[PDB]
Amino acid sequence: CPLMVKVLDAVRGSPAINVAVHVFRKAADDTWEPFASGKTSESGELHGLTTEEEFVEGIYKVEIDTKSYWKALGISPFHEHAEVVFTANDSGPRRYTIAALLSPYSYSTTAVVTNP
Amino acid sequence: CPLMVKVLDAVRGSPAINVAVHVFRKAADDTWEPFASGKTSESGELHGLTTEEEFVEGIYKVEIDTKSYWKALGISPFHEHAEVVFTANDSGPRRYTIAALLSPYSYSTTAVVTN
Amino acid sequence: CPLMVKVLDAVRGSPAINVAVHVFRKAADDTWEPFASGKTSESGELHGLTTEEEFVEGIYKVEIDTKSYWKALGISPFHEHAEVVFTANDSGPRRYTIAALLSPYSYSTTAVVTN
Amino acid sequence: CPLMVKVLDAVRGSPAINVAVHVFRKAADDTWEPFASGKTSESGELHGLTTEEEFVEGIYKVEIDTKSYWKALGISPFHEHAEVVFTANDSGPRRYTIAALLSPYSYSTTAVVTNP
Ligand SMILES: Cc1cc([N+](=O)[O-])c(O)c([N+](=O)[O-])c1
Ligand SMILES: Cc1cc([N+](=O)[O-])c(O)c([N+](=O)[O-])c1
Ligand code: NA
Ligand code: NA
């Protein structure tokens, strides 16, 4: 799979498990079209969102549902979600890992981009 | 002002100057309505976006034009922009600082909410 | 003052108040000599650590007592402390801000070096 | 192995490869005794530093040689290194991943602690 999402919890020192993730792709009319969704596993990783064939060039938005995560654990966090928006595959196919480290009032995110 | 935005550059160890920032408020029909905007100053800060009277409870989005910032430095970045989405609550402390720390392939954001 | 330390709490979205900070300078024999210390204020900031005359070029260590901070909040943290080690250079901008953002199992640190 | 170190580069969007790492353990006389060392692989990971038998209770310091990393790439960074100091195994053996995300004037670090 050319798109993976990994989420860690900076309060517990653990993977962030069961985090809902929704991916969108910008359509020709400039709207966000639903593309794929899933939830992180016990390792904090979400695999299998898409395929090389379906992950064409485009502008993608990876929405990480951080508020639902913290609220499911009884914490009242600051952000509604974390959004990661990027152009993908504009120089040919690449593999993308979108990582995020969560705290109730802060998050970090980075990307690892590799050429298969 | 109840809302301030600060942007820092982790590559050069400096404020991120002249970064465009747009603030939106979520409307009843679930669309994003323009609310306020500006460019960060020489200190990386953007003051005066709004007033206590105008900054009512609701859901707000702060969009930071990180791509244009890096492109002006001759660096090709990963993200189209950085977006910070949050609910303003009256119960909470009154003043909101939204800080972002930028690298070409990474950003962090935190909220400092105080009296 | 050429050196300021700022500490923020990512769990509560607030300054980290009353955090002990110790600064050391590396001596010729490679040991760490005490240089300055204090506690962060209600704004999470520690000002007045040193002067331009005293802050000569060299290697400095800023140790932030993060463990005591979390323990006072009833939270068990991972790190013994956070340490920031850097060289002061005269060529560079004059004023150094060392910022740290704290969570129980994580911290970030950045330097803002300006004129 | 119960201790792993992973390092990423936030400028390049890639693993941080060939980063030197030195681990120390506080001795009874309060000095930092050398414990293990190595360098990150092409994946940004450093495996095999120690064993369950030799990784006893103690206070450990993981020194990540960030300045040498950036300088080997011709960048002049702010920090001399990144130091991660923690008590390990005080409630029995655990597995520790020490992660770090590097920029020239900033770094983040987190831990993932699991119970085998
Ligand atoms: C002021 C500041 C410092 C750091 N830092 O790295 O020390 C940060 O990460 C952030 N932030 O927004 O996440 C803000
Ligand atoms: C910083 C970081 C740490 C871990 N980690 O395992 O702690 C990761 O897996 C990743 N990543 O990209 O997948 C990044
Ligand atoms: Na192209
Ligand atoms: Na014990």
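Structure determination for this PDB entry was carried out by X-ray crystallography, with a resolution of 1.480 Å recorded in the header.

Colleague: Explain the UniProt feature "binding site: L-thyroxine" in chain A residue by residue, including any values.
Modeller: With numbering aligned to this structure, UniProt lists the feature "binding site: L-thyroxine" at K6, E45 and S108 of chain A. In this fold, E45 of chain A is placed in strand β5 (residues 45-46). Excluding residues that lie within four positions of it along the chain, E45 of chain A makes contacts with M4, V5, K6, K39 and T40 of chain A. Here the side chain of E45 of chain A touches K6 of chain A through a polar contact of 3.2 Å, side chain to side chain. Its place among the elements puts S108 of chain A in strand β9 (residues 106-114). Given a relative accessible area of 18%, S108 of chain A falls into the buried group. Setting aside its immediate chain neighbours within four residues, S108 of chain A contacts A99, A100 and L101 of chain A together with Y107 and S108 of chain B.

Colleague: Quick one: what's the story with the site of ligand 1, residue by residue and with numbers?
Modeller: In the vicinity of ligand 1, 14 residues are found, and the nearest of them are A99, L101, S108 and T110 of chain B together with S108 of chain C. Residues close to ligand 1 are split across chains A, B, C and D. Measuring from an oxygen atom of ligand 1, one finds a side-chain N or O atom of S108 of chain B at 2.8 Å. In this structure, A99 of chain C approaches ligand 1 through a main-chain N or O atom, which is 3.3 Å from an oxygen atom. Contact with the protein chains removes 95% of the 340 Å² of surface that ligand 1 exposes when unbound. Elements that contribute at least two residues to the shell around ligand 1 include exactly β8 (95-103) and β9 (106-114) of chain B together with β8 (95-103) and β9 (106-114) of chain C. Partitioned by chemical class, the residues of the shell around ligand 1 number six nonpolar, eight polar and no charged.

Colleague: Explain the site of ligand 2 residue by residue, including any values.
Modeller: Inspection of the region around ligand 2 gives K6, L8 and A99 of chain A together with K6, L8, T97 and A99 of chain D as its neighbouring residues. More than one chain lines the surroundings of ligand 2; the residues nearby belong to chains A and D. With respect to ligand 2, the side chain of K6 of chain A contributes an N or O atom lying 2.5 Å from an oxygen atom. The protein chains hide 87% of the 340 Å² of surface that ligand 2 would expose on its own. Mapped onto the shell around ligand 2, the elements with two or more residues apiece are β1 (3-9) of chain A together with β1 (3-9) and β8 (95-103) of chain D.

Colleague: Outline the pairing of β8 of chain D, listing residues and values.
Modeller: Residue and element names in this part refer to chain D. When you tally the buried positions in β8, you get seven out of nine residues, the bulk of the element. With seven bridges joining them, β1 and β8 adopt parallel strand pairing. Directly across from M4, in β8, lies its bridge partner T97. Bridge count for β8 against strand β9 (residues 106-114) is nine bridges, and the pairing is antiparallel. Its bridge partner lying in β9, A99 is registered against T110. Hairpin connection between β8 and β9: a loop of two residues separates the two successive antiparallel strands.

The rules behind these values
- Residues numbered from 1 in each chain as written, not as in the entry; some residues may be left out.
- Chains lettered and ligands numbered in written order.
- Heavy atoms only, no water.
- UniProt positions renumbered as here; feature names shortened; annotations may be inferred.
- Helix = DSSP H or I, 4+ residues; strand = E, 2+ residues; numbered from the N terminus.
- Contact = heavy atoms within 4.5 Å.
- Polar contact = N/O pair within 3.5 Å; in protein donor to acceptor, adjacent residues only side chain to side chain.
- Buried < 20%, exposed > 50% of the residue type's maximum accessible area, 1.4 Å probe, protein only.
- Near = heavy atom within 4 Å.
- Areas by Shrake-Rupley, 256 points an atom, 1.4 Å probe, with all protein chains shown as cover.
- Nonpolar A, V, L, I, M, F, W, Y, C, P; charged D, E, K, R; others polar.
- Pairing = 2+ DSSP bridges.

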